[PDB]
Amino acid sequence: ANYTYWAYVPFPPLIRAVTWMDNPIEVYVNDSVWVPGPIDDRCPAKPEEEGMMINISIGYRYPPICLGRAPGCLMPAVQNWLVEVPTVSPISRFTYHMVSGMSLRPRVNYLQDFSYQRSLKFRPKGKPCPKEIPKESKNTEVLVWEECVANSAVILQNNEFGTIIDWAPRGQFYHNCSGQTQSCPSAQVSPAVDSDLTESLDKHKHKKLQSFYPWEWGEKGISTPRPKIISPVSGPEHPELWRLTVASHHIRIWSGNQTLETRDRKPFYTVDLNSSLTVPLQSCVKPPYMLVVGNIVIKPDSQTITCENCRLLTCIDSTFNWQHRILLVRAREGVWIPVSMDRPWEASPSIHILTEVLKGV
Amino acid sequence: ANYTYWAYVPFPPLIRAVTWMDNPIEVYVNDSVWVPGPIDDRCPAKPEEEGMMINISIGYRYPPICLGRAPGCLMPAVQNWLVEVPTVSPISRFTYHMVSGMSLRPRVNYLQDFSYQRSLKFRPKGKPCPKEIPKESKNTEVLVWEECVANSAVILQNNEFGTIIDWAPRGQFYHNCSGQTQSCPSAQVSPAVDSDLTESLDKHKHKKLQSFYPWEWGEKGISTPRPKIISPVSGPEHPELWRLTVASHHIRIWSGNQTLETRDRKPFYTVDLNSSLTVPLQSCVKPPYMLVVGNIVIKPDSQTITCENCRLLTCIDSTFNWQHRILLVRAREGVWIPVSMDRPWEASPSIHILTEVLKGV
Amino acid sequence: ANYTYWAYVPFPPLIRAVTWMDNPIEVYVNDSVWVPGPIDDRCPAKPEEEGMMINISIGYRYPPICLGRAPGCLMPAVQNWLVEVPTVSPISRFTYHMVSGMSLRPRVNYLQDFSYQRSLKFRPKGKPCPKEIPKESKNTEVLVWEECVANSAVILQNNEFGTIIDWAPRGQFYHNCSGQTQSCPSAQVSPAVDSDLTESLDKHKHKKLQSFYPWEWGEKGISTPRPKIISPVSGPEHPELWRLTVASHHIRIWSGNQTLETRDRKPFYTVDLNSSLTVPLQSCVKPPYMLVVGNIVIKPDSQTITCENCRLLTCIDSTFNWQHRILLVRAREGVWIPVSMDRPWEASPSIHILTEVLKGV
Amino acid sequence: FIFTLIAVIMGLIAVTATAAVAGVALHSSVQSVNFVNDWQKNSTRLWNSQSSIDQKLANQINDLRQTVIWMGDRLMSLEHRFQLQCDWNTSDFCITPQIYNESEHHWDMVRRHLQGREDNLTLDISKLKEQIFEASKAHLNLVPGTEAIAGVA
Amino acid sequence: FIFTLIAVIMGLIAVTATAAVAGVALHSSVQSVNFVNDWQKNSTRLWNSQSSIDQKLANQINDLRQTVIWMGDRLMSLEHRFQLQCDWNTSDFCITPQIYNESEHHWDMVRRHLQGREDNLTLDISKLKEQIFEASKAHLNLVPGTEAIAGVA
Amino acid sequence: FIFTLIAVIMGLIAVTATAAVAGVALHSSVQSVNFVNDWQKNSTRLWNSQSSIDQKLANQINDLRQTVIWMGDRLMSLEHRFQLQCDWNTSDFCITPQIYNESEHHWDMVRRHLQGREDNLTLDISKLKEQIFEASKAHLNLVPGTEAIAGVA
Ligand SMILES: *[C@@H]1O[C@H](CO)[C@@H](O[C@@H]2O[C@H](CO)[C@@H](O[C@@H]3O[C@H](CO[C@H]4O[C@H](CO)[C@@H](O)[C@H](O)[C@@H]4O)[C@@H](O)[C@H](O[C@H]4O[C@H](CO)[C@@H](O)[C@H](O)[C@@H]4O)[C@@H]3O)[C@H](O)[C@H]2NC(C)=O)[C@H](O)[C@H]1NC(C)=O
Ligand SMILES: *[C@@H]1O[C@H](CO)[C@@H](O[C@@H]2O[C@H](CO)[C@@H](O[C@@H]3O[C@H](CO[C@H]4O[C@H](CO)[C@@H](O)[C@H](O)[C@@H]4O)[C@@H](O)[C@H](O[C@H]4O[C@H](CO)[C@@H](O)[C@H](O)[C@@H]4O)[C@@H]3O)[C@H](O)[C@H]2NC(C)=O)[C@H](O)[C@H]1NC(C)=O
Ligand SMILES: *[C@@H]1O[C@H](CO)[C@@H](O[C@@H]2O[C@H](CO)[C@@H](O[C@@H]3O[C@H](CO[C@H]4O[C@H](CO)[C@@H](O)[C@H](O)[C@@H]4O)[C@@H](O)[C@H](O[C@H]4O[C@H](CO)[C@@H](O)[C@H](O)[C@@H]4O)[C@@H]3O)[C@H](O)[C@H]2NC(C)=O)[C@H](O)[C@H]1NC(C)=O
Ligand SMILES: *[C@@H]1O[C@H](CO[C@@H]2O[C@@H](C)[C@@H](O)[C@@H](O)[C@@H]2O)[C@@H](O[C@@H]2O[C@H](CO)[C@@H](O)[C@H](O)[C@H]2NC(C)=O)[C@H](O)[C@H]1NC(C)=O
Ligand SMILES: *[C@@H]1O[C@H](CO[C@@H]2O[C@@H](C)[C@@H](O)[C@@H](O)[C@@H]2O)[C@@H](O[C@@H]2O[C@H](CO)[C@@H](O)[C@H](O)[C@H]2NC(C)=O)[C@H](O)[C@H]1NC(C)=O
Ligand SMILES: *[C@@H]1O[C@H](CO)[C@@H](O[C@@H]2O[C@H](CO)[C@@H](O)[C@H](O)[C@H]2NC(C)=O)[C@H](O)[C@H]1NC(C)=O
Ligand SMILES: *[C@@H]1O[C@H](CO)[C@@H](O[C@@H]2O[C@H](CO)[C@@H](O)[C@H](O)[C@H]2NC(C)=O)[C@H](O)[C@H]1NC(C)=O
Ligand SMILES: *[C@@H]1O[C@H](CO)[C@@H](O[C@@H]2O[C@H](CO)[C@@H](O)[C@H](O)[C@H]2NC(C)=O)[C@H](O)[C@H]1NC(C)=O
Ligand SMILES: *[C@@H]1O[C@H](CO)[C@@H](O[C@@H]2O[C@H](CO)[C@@H](O)[C@H](O)[C@H]2NC(C)=O)[C@H](O)[C@H]1NC(C)=O
Ligand SMILES: *[C@@H]1O[C@H](CO)[C@@H](O[C@@H]2O[C@H](CO)[C@@H](O)[C@H](O)[C@H]2NC(C)=O)[C@H](O)[C@H]1NC(C)=O
Ligand SMILES: *[C@@H]1O[C@H](CO)[C@@H](O[C@@H]2O[C@H](CO)[C@@H](O)[C@H](O)[C@H]2NC(C)=O)[C@H](O)[C@H]1NC(C)=O
Ligand SMILES: *[C@@H]1O[C@H](CO)[C@@H](O[C@@H]2O[C@H](CO)[C@@H](O)[C@H](O)[C@H]2NC(C)=O)[C@H](O)[C@H]1NC(C)=O
Ligand SMILES: *[C@@H]1O[C@H](CO)[C@@H](O[C@@H]2O[C@H](CO)[C@@H](O)[C@H](O)[C@H]2NC(C)=O)[C@H](O)[C@H]1NC(C)=O
Ligand SMILES: *[C@@H]1O[C@H](CO)[C@@H](O)[C@H](O)[C@H]1NC(C)=O
């Protein structure tokens, strides 16, 4: 007849979403010149298997880690890290070295003059991000990434999929308008945008900012995003997702300065930045971790992740198309499943061996 | 007949004491507002099993970790952490935010003006506890716990059960009498006592200190006990035991100030502290760790732990009675034991199966 | 007949070299007064087995960790750690406390005035080594080892066996001749040499340096070697090898000073150091780690390690002879080997049991 | 916990993608042992074929929390597997002698467990493990039943 | 290494407390196999029933030293158990074929081992494991003795 | 992962040194099962005899990376061993039913593997494990062949 028994599959070919409750996973970048470790310049062990299609329909207990432009996924945008070297010249304020890389976009306050949505909750222990300019800026060419704690965190997601905040700093140009009149603009300016990473890669890029007020950069610190979930659960920081986002486009290396001239008998400040240098990157996860790329749909009312014709990858490079989302996944642990046999469960073949021996006689 | 064989029990229902040579274990507190992590607000998974009685008779190799008032156990007492904010007013010196919590009592020098017994041995690495008061005290309402190394360690136990020292600071009020005359008191004053955590919880509490000399607080630092054993063995720090002791009573939240007036044409300094706020806490260990609560008796000449009618718990709350001691325990690893059978050892039932088959014929 | 089958040996009696790609291993020293942890004052568990002879012939994938004077092995030399306490006296500059210990010799620049070969590549994170002298030098007698990052790394090996650099500081006496004339010597002076650790151990030792220019010590920091490989592979730091080298000889404890007098109406500076104190140390690795001591020959063209009549040890003490090299080894993981039987592979003895039963009938 | 699957004949991506097709039917309903075995064989082969942990990647790990938690889960699974009673004819995975009770565990709980859920409608793994451990004693299963012995005799 | 035993039918507290009563007599003298099995069955069931490591508690661990040491002891125990030879009828725990020798190991050493001591009067676990490993060879125990074969024949 | 082998009768040094003599001939050519068993027995005994992790040494570990990597390798090895099919008469190590094929694996690859090499002339462990896993199914090996059954009959 038919006999159904519970079976344990220790290494099932299933996958499960990496969640915000997981501790950070390893993302390996192939260029240690511009990106901190861990480093691996090797191609995927099975390059021929990258991009294989799959339909995904899974559940989850904690909000999955997804990147891209979709509900439940963290949208990407360009982040700028600026190194400033003061200059003794009376007509120059600073010399600049800027890096533009695709990272996690903070939410914006549409009512509050298009600033960043900010949260002061659960401030982590760590070195605060610097507020002054180090006079002795040695090793200017070599970028040093140092983790620091911002004055306030930026909100990356504050909806029914969860609340994610990032206590890493976000750098922007602004004006010291505390003591000035109402004519001082209070809006922050991003020196670079998304198009600076994709279009006309080999062509010269220039950015010019002009104002009657000095240009200040803040918040300072060569520090990369460390997002964490604070609601409906509290999870650990994830300083590795930016590594995945930064490889999806070239990073752009700028130099420049801020100069001072006279206009209408008043000080006039101009920030000039140039770049003809872009660096392509490759960021990879390794087994048991993988990435599911495509139209990831996260439904939190039933805690379901679905995708039709997604692709399984392990590496992200500059040819990534941000019409797709990325879901971090890991090989599923052992599972329990009923299985149907045509005979009762047997511990050993001893009865079978005895029957064969008797039949031989 | 009878055949006795050695057997290995991998998961025996035994327990063994957690010793000072163990590395720190996890204690989970349910209020992250006032106590650092790890955090868990859940009730015990089996609340109906808490308090089950048991007789205990075990041995040990290293001094067990016990809290309470008994030989071999660390006695508890109130510890006060004070946050001082300087005030620009000429008649006020500081504003105060104090937290009183049950923690590990240091030994006292009965001859040396009832001060703390102190040891300078095995000074650990780390940030020294601050000696000055930071002028910019932001986020004053939110208490920030900083781990710091005191100028000298306090001795918690210096007897035949072992020598335990704690390099975390202990805060007390005192006077700077280095340049004063002999009339300057040298005794340290504790702003709070044990009764401040237990009696009249909902009633207003006030503390007033008055002197012709300014009141100083030391040693500073919002830092919790990190006791370690240095004799007869050297073990790692245990910054988690204070978490168990702090949940046994409410913590009391004080606010206050120090003010200056004129008395007999001389400066007169008054510290005022007031509190109408207490917070109840729950601290829990998780399997395989548990707590044995009751009349723990530690005999070091034979290294024996005994208790009659102890209770097995996993959580400590404000209803804890300090007539009982707490012994940290963990589920015992596999053990080896003789067992008696009525037949010789057999590898497989093959002989039994053959006998049954022959009998069937 | 003969039947050969693959077999897996989980715990083979083989050994494999510890490589520079391994993470640091534990080396235990028996004197916590002068050497940081981990500490173990016990003799080897099997003292009678220390020194057993063995022939070694193994391969490797990454450059093995070897100490001694041979190709592929890091040569040892004396390193000096100096603590200087400023003195308020007008005729004295500093009081000195020096520790001399056998550690990893840096390569020398034969062309560049016998300085150290230095590399600026892959600067690690950490507190920079101090450039000034702390005025408040408390706990002068107790030496405190602080890890610090030097201004530049010293090269220990730059040949076909790999490139090994060390970002830990190396201290020496020198003159600050930036503003002086060409008569100011630019050569660094080592206050101690190899013989100071070996010959006439119980006899008084003195070192006198005299110059018309002040004696400076650099680079400062009580910091021990942390070598790492940067080519042809990049590996983690190994701050434990110096522990093995330092036990091979007594350490020597010096005390001294720098004094100023008048000579030809000019300031004359004399550094006087004296020592009658040597400390013997014992550094041990523990199973599964061991040391192969003797004529280790590393051939990198085939990646082979060979030694005839080497000795297997676990501890190094002051009787070590530096004519031999030390190769760190570990017990080998399971291996796969063909093995020959005289019968086919059998899952169970069931056929044998049935045959015996039939023969009994 | 970290490996470079270069020498193997099937990477993790190929195993997952090629198994998903049969995983659909596995999610739909109870399948035979041959179906499940064919569905899991490549995954089991891949996870029984890694040579050693890749040091180049392993030695760069800074935060060990995720690695240690993954290792703890693997060790727990190995401990539980070591005490499971399994049918002799299937060595890739363990078929226990616990009979599937459709009334107690309707298929939706199993499908939710396969999907990786842990809500109140999912199969209760701890309770099932308790039942299997209680029912899989060697003194209840190792000796073949009277029917088999009579059939042999 | 960290679990929330909510779904189980018996927590660690209940297992320990209810087993201590029989543990008294276990400390007193050698007991039968049935006695020991009854004494340990709750604990073995509990430690064969946890579902997965509780992530909420696990991801907050700062100092991993104690967890790594506990996992190392568990892994060493699992490695040793994998090579032990056990009587077929007892699956909850392993009964080796090593005969208890009262003259070599008087009961006080066993009682001290059960109490969790490691002094000079306690049973020497390493020496006992050496004896058991040397005496539990498959070529010495797997084949039934001549007496059993003659009895069958 | 850290032990004080004081109670044992043979430390790691003695095991390695006394086994090297036969390890020479083991590197030279294929040996018999008795030879290999004699050569590995003391190492297996030593690694089946440690009592517990020495806390005095374990609690001082600052960098857990090497320990965690070693533990991961041990856990992976144990996981692979749990699924190996082994000849019943050898319990110290696992003799698989995979026949040595000299043409595919010439002895130099085996010697290089025994030497601890991983170059392009060394035995490919992952491919060998794949072949062994595929060939060691319970349904292909557990039932004795027709020749043995006929010989019994
Ligand atoms: C980390 O990993 C990333 C991702 O794989 C690597 O990025 C690749 O880097 C290579 C080498 O720099 C890139 O190849 C270059 O791409 C550019 C564009 O090529 C296109 O356009 C030209 C137009 O003439 C076509 O011929 C060509 O087919 C492409 O359509 C060019 O800058 C380069 O070509 C020029 O330079 C090379 C020398 O560099 C000359 O040989 C050529 O003749 C020509 O003059 C070159 O083709 C590649 O595109 C990158 N990939 C991605 C996906 O962005 C990183 O290199 C790697 N980093 C490290 C440190 O390993
Ligand atoms: C962490 O875990 C701890 C330990 O479990 C929790 O502490 C408990 O907190 C609750 C809620 O604050 C406490 O309950 C309160 O206790 C007080 C005393 O109640 C006694 O006296 C009144 C007298 O009228 C009796 O009616 C009552 O039966 C008790 O004998 C009172 O302050 C509270 O009652 C008043 O307030 C509540 C609203 O808070 C009203 O509903 C009531 O009607 C009344 O006005 C209340 O009963 C409880 O005692 C604490 N337990 C312990 C053991 O201390 C922490 O809350 C928890 N923390 C977090 C953040 O989760
Ligand atoms: C860490 O581990 C190291 C290495 O094992 C230990 O170092 C040993 O320390 C002991 C004790 O300090 C040393 O023993 C001493 O050696 C010296 C030289 O002895 C030689 O010369 C004398 C000449 O008279 C001969 O008699 C003798 O046989 C040797 O040939 C002497 O300084 C000592 O002898 C004098 O002092 C002792 C008291 O200390 C008196 O009893 C003696 O009578 C005599 O007056 C003594 O013998 C030993 O040599 C060291 N070993 C090595 C290999 O260097 C460390 O002690 C240990 N550290 C800790 C903290 O445990
Ligand atoms: C059971 O053990 C006894 C006693 O063991 C001896 O004493 C122990 C404390 C320990 O040191 C063991 O190693 C010792 O062997 C054994 O009786 C001994 O047998 C040997 C060999 O025949 C003989 O030389 C000794 O004199 C005996 N010692 C006595 C009688 O006290 C006995 O062989 C063991 N095995 C059994 C009974 O099977
Ligand atoms: C034993 O091995 C031989 C040779 O294996 C081939 O060469 C190895 C170096 C490696 O590349 C293997 O994958 C190869 O298969 C096998 O003989 C081969 O058999 C196949 C199939 O019948 C045949 O097409 C090839 O020509 C043979 N190659 C030769 C003779 O060199 C052989 O099957 C293996 N097994 C045995 C004998 O049982
Ligand atoms: C994912 O599922 C979709 C939907 O069932 C599959 O698309 C089907 O593909 C078959 C074969 O080419 C077509 O006959 C059907 O018409 C398709 N259905 C639809 C609705 O378009 C798809 O193949 C699956 N993808 C993977 C990778 O398994
Ligand atoms: C921005 O422009 C400056 C000045 O033109 C560029 O710096 C020059 O780089 C070239 C090429 O290496 C050198 O020959 C010149 O000497 C440099 N001049 C100065 C003033 O530094 C700089 O590279 C540009 N920034 C980019 C491309 O990011
Ligand atoms: C711990 O041991 C004590 C002492 O043996 C037990 O107390 C006994 O309880 C029984 C049953 O109620 C009484 O008949 C005895 O008179 C008690 N003895 C004494 C000396 O008072 C107690 O029950 C044990 N506790 C547990 C939890 O097992
Ligand atoms: C100590 O007393 C002060 C002063 O009365 C309390 O602060 C008052 O708190 C109430 C209630 O929130 C406010 O309405 C008043 O404005 C506060 N006054 C001042 C001067 O700040 C304080 O809460 C008490 N400290 C405790 C309860 O810990
Ligand atoms: C290591 O190998 C050498 C070289 O074969 C061995 O030295 C031989 O020792 C034997 C026995 O004493 C002598 O008969 C030979 O003449 C020696 N050969 C040479 C070339 O000197 C040595 O014994 C081996 N050592 C170990 C520890 O196994
Ligand atoms: C270097 O010499 C000084 C001066 O002689 C030594 O210091 C003396 O030590 C002895 C013995 O403890 C004391 O009695 C003297 O009072 C010390 N003198 C001074 C001026 O401090 C010092 O020990 C020597 N350094 C060593 C041995 O390392
Ligand atoms: C498991 O992997 C095997 C290969 O080892 C797959 O078998 C292949 O299946 C495809 C599609 O049917 C055939 O075209 C190939 O010829 C097969 N290769 C062989 C037999 O070597 C198999 O489909 C996989 N099974 C799964 C994923 O369930
Ligand atoms: C394994 O260890 C045993 C001891 O347990 C070794 O046996 C000894 O061998 C030497 C040399 O032949 C003899 O003199 C001793 O009498 C033996 N001791 C005994 C039998 O107790 C054996 O050589 C080792 N085997 C190896 C390393 O392969
Ligand atoms: C060396 O001397 C110069 C010239 O006086 C001075 O500027 C400098 O600070 C001194 N020290 C160092 C470390 O260069």
Side-chain angles (χ1 to χ4, degrees), chain B residues 33-34 80-83 85 87 89 92 95-100 140-141 143 191-192 196-197 200-208 250-259 271-279, chain C residues 13 15 33-34 49 51-57 80-83 85 87 89 92 95-100 140-141 143 191-192 196-197 200-208 250-257 259 271-279 292-297 306-313, chain F residues 13-14 16-28:
Chain B
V33 178
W34 302 100
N80 302 296
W81 301 270
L82 183 67
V83 180
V85 186
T87 63
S89 167
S92 177
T95 48
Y96 287 137
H97 283 285
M98 206 169 69
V99 175
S100 315
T140 317
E141 61 273 343
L143 188 58
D196 287 325
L197 296 194
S200 305
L201 272 186
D202 74 317
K203 299 288 98 176
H204 176 101
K205 283 286 184 311
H206 183 77
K207 180 53 148 155
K208 191 183 284 286
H250 284 63
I251 58 162
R252 185 164 276 281
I253 310 305
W254 306 72
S255 89
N257 52 52
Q258 182 174 180
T259 52
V271 162
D272 288 330
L273 292 160
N274 64 278
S275 165
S276 66
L277 171 60
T278 70
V279 180
Chain C
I15 54 177
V33 180
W34 300 102
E49 297 182 359
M52 288 176 89
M53 322 289 293
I54 186 177
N55 286 306
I56 289 305
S57 197
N80 300 297
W81 298 270
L82 184 65
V83 183
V85 194
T87 63
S89 166
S92 184
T95 44
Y96 288 134
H97 282 289
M98 180 160 82
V99 172
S100 299
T140 317
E141 63 274 340
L143 188 56
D196 285 335
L197 295 197
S200 304
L201 269 176
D202 74 317
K203 299 288 98 176
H204 175 100
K205 283 288 184 314
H206 209 282
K207 180 53 150 157
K208 187 185 284 287
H250 284 63
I251 61 164
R252 185 166 275 284
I253 313 302
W254 307 70
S255 76
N257 52 16
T259 48
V271 162
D272 278 301
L273 293 158
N274 64 278
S275 167
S276 65
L277 176 56
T278 74
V279 180
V292 175
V293 176
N295 293 351
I296 290 92
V297 178
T306 52
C307 175
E308 175 163 13
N309 299 312
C310 264
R311 285 175 303 135
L312 278 166
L313 297 170
Chain F
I13 286 186
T16 314
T18 318
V21 164
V24 166
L26 207 75
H27 275 92
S28 87

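Whatever order the structure lists ligands and atoms in, that order sets their numbers, starting from 1. In what follows, chains are A, B, ... by sequence order, proteins preceding strands, each numbered from 1. Side chains included, hydrogens not; waters and symmetry mates left out as well; all remaining heavy atoms used.
- A heavy-atom distance below 4.5 Å is not found between the side chains of B:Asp196 and B:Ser100.
- Considering backbone and side-chain atoms together, C:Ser255 places an N or O closer than 3.5 Å to an N or O of ligand 11.
- Here is the list of ligand 10 atoms found below 4.0 Å of a heavy atom in C:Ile54: 27 (C).
- Residue-ligand proximity, C:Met53 to ligand 10, at heavy-atom distances under 4.0 Å covers atoms 27 (C).
- Ligand-side atoms of ligand 11 in range of C:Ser276: 26 (C), 27 (C), range being under 4.0 angstrom from any heavy atom.
- Proximity of atom 16 (O) of ligand 10 to the protein is not indicated, since no non-hydrogen protein atom lies closer than 4.0 angstrom.
- By the definition of a contact as any protein heavy atom under 4.0 Å away, atom 28 (O) of ligand 10 is in contact.
- Listed for the C:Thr87 side chain is a donor-acceptor partner under 3.5 Å among the backbone atoms of C:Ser92.
- Among all non-hydrogen protein atoms, the one lying nearest atom 26 (C) of ligand 10 is C:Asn55 ND2, 3.3 Å.
- With C:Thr306 contributing its side chain and C:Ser57 its backbone, the two residues share no donor-acceptor pair below 3.5 Å.
- No side-chain heavy atom of C:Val99 sits less than 4.5 Å from a side-chain heavy atom of C:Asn80.
- Protein non-hydrogen atoms do reach within 4.0 Å of atom 3 (C) of ligand 9.
- From the protein, the heavy atom lying nearest to atom 19 (C) of ligand 10 is C:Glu308 OE2, 4.3 Å.
- The line from CG of B:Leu273 to NE2 of B:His97 is 11.0 Å long, rounded to the nearest 0.5 Å.
- The presence of a protein heavy atom under 4.0 Å from atom 24 (C) of ligand 11 is confirmed.
- Contact annotation for C:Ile253 and ligand 11: only backbone heavy atoms (N, CA, C, O) come within less than 4.0 Å of the ligand.
- The nearest protein atom to atom 1 (C) of ligand 9, hydrogens excluded, is given as B:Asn274 ND2, 1.4 Å; this is a heavy-atom distance.
- At least one side-chain heavy atom of C:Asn274 sits less than 4.5 Å from a side-chain heavy atom of C:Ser255.
- In terms of N/O distances under 3.5 Å, ligand 11 is not approached by C:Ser275.
- Within the 4.5 Å cutoff, the side chain of C:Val279 has no heavy atoms near those of the C:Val33 side chain.
- Among protein heavy atoms, the minimum distance from atom 22 (C) of ligand 10 is reached at C:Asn309 OD1, 3.6 Å.
- Of the protein's heavy atoms, none falls inside 4.0 Å of atom 12 (O) of ligand 11.
- In this structure, atom 8 (C) of ligand 9 is not in close contact with the protein, since no protein heavy atom lies within 4.0 Å of it.
- A donor-acceptor pair is defined here as one N or O able to donate and one able to accept, closer than 3.5 Å; no such pair exists between the side chain of C:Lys205 and the backbone of C:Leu197.
- Proximity of a side-chain donor or acceptor of C:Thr278 to a complementary backbone N or O of C:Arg252 within less than 3.5 Å is not detected.
- Side-chain atoms of F:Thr16 and C:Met52, non-hydrogen and from C-beta on, never get closer than 4.5 Å to each other.
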